[PDB]
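Student: Here it is, the structure in full.
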Amino acid sequence: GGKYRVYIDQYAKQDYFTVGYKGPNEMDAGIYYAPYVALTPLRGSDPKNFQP
Amino acid sequence: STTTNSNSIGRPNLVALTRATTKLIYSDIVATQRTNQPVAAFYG
Amino acid sequence: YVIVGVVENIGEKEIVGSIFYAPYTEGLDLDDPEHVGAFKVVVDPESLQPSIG
Amino acid sequence: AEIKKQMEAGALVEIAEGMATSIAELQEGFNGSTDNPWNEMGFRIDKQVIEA
Amino acid sequence: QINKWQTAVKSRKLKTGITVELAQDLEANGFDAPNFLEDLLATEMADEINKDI
Amino acid sequence: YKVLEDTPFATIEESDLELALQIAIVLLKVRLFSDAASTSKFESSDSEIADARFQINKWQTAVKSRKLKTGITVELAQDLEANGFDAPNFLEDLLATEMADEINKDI
Amino acid sequence: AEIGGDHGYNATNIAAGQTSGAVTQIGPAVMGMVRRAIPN
Amino acid sequence: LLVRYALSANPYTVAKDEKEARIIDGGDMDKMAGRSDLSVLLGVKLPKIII
């Protein structure tokens, strides 16, 4: 309706909808996802056999 | 009545860091020069 | 205890004292070589965390 | 079907959780620990053949 | 007469090992984590050198 | 510690084991064993390397308060001026001084 | 080896910056705050 | 006038109760008192002044 952003729960188990609010200010969230470290790669190899 | 009993604090100020380590003095105790070989041999 | 002793340096070679320490750094490629000694980092192949000595 | 009914009922519900740091940090025998390998994955590459 | 006093250089070796999570917490808490580790080992070693001397 | 002379402590009458040891060091019966390792110790392919360790603990306290009050009757304040004093500054100095003194006492 | 360790997920200990590991924290600091909205 | 301050004990000052802890109350003189290596006290026994 030009009002609600609709997203598909591609893995929904039964059949349902959830209506939610989110403001322009992230503090007005309801629920937060607050990353600290994102995908740090770690690399090495086993010196015994040198496989990475 | 709003007092400091209501105020909730984010974090304390860490103010100062102290590392308790030995003052290391050997420089004024042992005469020394670098060795550039696996074995040193001084002449008497 | 109380101990006394000598540290003298009369130039070039005339270095005198008890216990010469005399560190050996030759052969190491050192940053700030006055440091005396070298660091190595490995990083485990099981855990992937660092290990430094 | 029974599980979905319990989910609808709110008796047993969908969840996902991050790992405790105290466990994740010492995986793969760190600091004398044991029986704690990382979860892992890769790929196959299989083949299919036809004829005229 | 000229006599000589000789000895091989001997070694000292230290390791710490700081997890990546610990290094990250140290940075978050205001510590220079990569230099912190090196200072820990360098300081501990230098102290052990003084004990030995 | 390392033994330099056999049956160390045979000749040390000191009963406090810690001091008997200090005596053994002075008398060269025993020497501090602290020393660098022969290089073979750490190239063996199985090498126990002493661990360096650390710990960071914290100390914390709340900020607390001190408070002083004087108050000067208007007529008394007027009298301070009449008597040769700077009345509003006399008062700030009085309170400031009393507080500074109490801080010094506390410390 | 030294570790970060973790919290017991006990908000008391969290607020205090306590860990089972090597380094005690200053504190969570601030992720912002929410002030209740005023009605119209 | 109002004055405020913490007047706390320095790190490594520890009460012989907790003995080892991650967080130490830097105040709490009731436990912290007498246990610090950054200051050492010796009292002095003197004859009295005649008044």
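Protein chains in written order, with the numbering used here: chain C, 1435 to 1486; chain F, 7 to 50; chain W, 3 to 55; chain B, 219 to 270; chain A, -1 to 51; chain E, -5 to 101; chain S, 17 to 56; chain U, 52 to 102. Built from N, CA and C at the ideal position, the CB exists for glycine as well.
Enumerated in chain order, which unbroken segments of the beta strand (DSSP E) with a length of 3 residues or greater are wholly contained in the stretch 25 to 89 of chain E?
Tutor: Runs of the beta strand (DSSP E) inside the stretch 25 to 89 of chain E: 52 to 54 and 58 to 61.
Student: According to DSSP, is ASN11/W part of a helix, a strand, or is it coil?
Tutor: In the structure shown, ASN11/W sits in a strand (DSSP, three-state: E or B).
Student: Just verifying my parser: in three-state terms, what is the DSSP assignment at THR64/U?
Tutor: Coil.
Student: Taking only beta-carbon atoms, is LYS1482/C less than 8 Å away from chain B?
Tutor: Taking Cβ atoms only, chain B never reaches closer than 8 Å to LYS1482/C, which makes this a no.
Student: Would you mind stating whether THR27/F and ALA24/W have Cβ atoms separated by less than 8 Å?
Tutor: For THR27/F and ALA24/W, no; Cβs fall outside 8 Å.
Student: Should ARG73/U go down as buried or exposed, given a rule of 16 or more other Cβ atoms within 10 Å for buried?
Tutor: Label assigned to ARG73/U: buried.
Student: Across which residues does DSSP place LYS(-4)/E in a beta bridge pair?
Tutor: Paired residues: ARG25/E.
Student: Between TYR32/F, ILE31/F, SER7/F and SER14/F, which lies nearest to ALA45/S when the distance is taken from Cα to Cα?
Tutor: The shortest Cα separation from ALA45/S among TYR32/F, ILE31/F, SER7/F and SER14/F belongs to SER14/F.
Student: What's the call for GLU19/A, buried or exposed, on a 16-neighbour Cβ count within 10 Å?
Tutor: Buried, since its Cβ has 16 or more Cβ neighbours within 10 Å.
Student: Which of helix, strand or coil does DSSP assign to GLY19/W?
Tutor: Residue state, collapsed to three classes: strand.
Student: Would you tell me roughly how many angstroms separate the C-alpha atoms of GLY78/E and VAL65/U, rounded to the nearest one?
Tutor: For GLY78/E and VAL65/U, the distance between alpha carbons rounds to 54 Å.
Student: By Cβ distance, which residues of its chain are closer than 7 Å to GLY85/U, with the 5 residues on each side in sequence left out?
Tutor: Nothing listed; no residue qualifies.
Student: Hey, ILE5/W and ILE51/A: beta-carbon distance below 8 Å or not?
Tutor: No. Outside cutoff.
Student: Name the chain F residues that come within less than 7 Å of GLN54/E, Cβ to Cβ?
Tutor: In chain order: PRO18.
Student: Considering only residues of the same chain and omitting the five flanking positions on each side of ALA40/W, which have a CB-CB separation below 7 Å?
Tutor: Same-chain partners within the cutoff: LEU30 and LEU32.
Student: Taking a cut of 8 Å between CB atoms, which residues from the stretch 21 to 37 of chain S lie near chain U?
Tutor: Those would be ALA32, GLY33, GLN34 and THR35, in chain order.
Student: Note down the Cα distance separating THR27/W from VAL38/W, rounded to an integer number of angstroms.
Tutor: Near 6 Å, if we compare the C-alpha coordinates of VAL38/W and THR27/W.
Student: Could you have a look at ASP79/U and say whether DSSP puts it in helix, strand or coil?
Tutor: Coil.
Student: Does the beta carbon of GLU25/A come closer than 8 Å to any beta carbon on chain S?
Tutor: For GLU25/A, the answer is no, since every Cβ of chain S falls outside 8 Å of its Cβ.
Student: Would you check if the distance between the CB atom of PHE261/B and the CB atom of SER49/W is smaller than 8 Å?
Tutor: It is not a contact, given that the beta carbons lie outside the stated cut-off.
Student: Find the nearest neighbour of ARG52/S within the set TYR1466/C, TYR1445/C, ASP1462/C and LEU1476/C, judged by alpha-carbon distance.
Tutor: Ranking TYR1466/C, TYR1445/C, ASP1462/C and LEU1476/C by Cα distance to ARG52/S puts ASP1462/C first.
Student: Hey, how far is the Cα of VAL1440/C from the Cα of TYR1467/C?
Tutor: Between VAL1440/C and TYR1467/C, the C-alpha separation is close to 20 Å.
Student: According to DSSP, which residues form a beta bridge with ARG73/U?
Tutor: Bridge partners of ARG73/U: none, in fact.
Student: Count the C-beta pairs between the stretch 76 to 92 of chain U and the stretch 85 to 93 of chain E that are closer than 8 Å, then say yes if the count reaches three, no if not.
Tutor: Segments in contact, no.
Student: List, in chain order, every chain B residue whose beta-carbon is nearer than 7 Å to that of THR14/A.
Tutor: By Cβ distance, chain B contributes nothing, its closest Cβ being about 12 Å from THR14/A, past 7 Å.
Student: Can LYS49/A be considered in contact with the ligand FMN, in the sense that its beta carbon sits closer than 7 Å to one or more heavy atoms?
Tutor: This structure does not include the ligand FMN; it has no bound ligands of any sort.
Student: Distance cutoff 8 Å, beta carbons only. Does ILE74/U sit that close to anything in chain S?
Tutor: For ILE74/U, the answer is yes, since a Cβ of chain S falls inside 8 Å of its Cβ.
Student: Flag this pair as yes or no: are the beta carbons of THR55/E and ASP76/U separated by less than 8 Å?
Tutor: Yes.
Student: Does the distance from the C-beta atom of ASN98/E to that of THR40/S stay below 8 Å?
Tutor: The answer is no: Cβ separation not under 8 Å.
Student: Under DSSP, the alpha helix (DSSP H) around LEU11/E begins and ends at which residues?
Tutor: It spans 11 to 20 - the alpha helix (DSSP H) in which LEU11/E sits, taken as one unbroken run.
Student: Measure how close the beta-carbons of residue 2/W and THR14/A come, nearest whole angstrom, since I'm counting them as under 8 Å.
Tutor: The structure shown has nothing for residue 2/W, since chain W only spans 3 to 55.
Student: Pairs of beta-carbons, one from the stretch 23 to 34 of chain S and one from the stretch 23 to 31 of chain E, closer than 8 Å: are there three or more?
Tutor: Because the criterion of three Cβ pairs below 8 Å is not met, the stretch 23 to 34 of chain S and the stretch 23 to 31 of chain E do not touch.
Student: Going by C-alpha to C-alpha distance, which of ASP23/A, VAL7/A and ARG10/A sits closest to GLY20/S?
Tutor: For the residues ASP23/A, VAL7/A and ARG10/A, the minimum Cα distance to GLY20/S belongs to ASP23/A.
Student: Work out the CA separation of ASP95/E and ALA76/E for me, nearest whole Å.
Tutor: One C-alpha to the other measures close to 28 Å.
Student: For my contact list, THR24/F and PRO62/U are in at a C-beta cut-off of 8 Å; report their separation, rounded to the angstrom.
Tutor: With a Cβ gap of about 5 Å, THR24/F and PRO62/U count as contacting.
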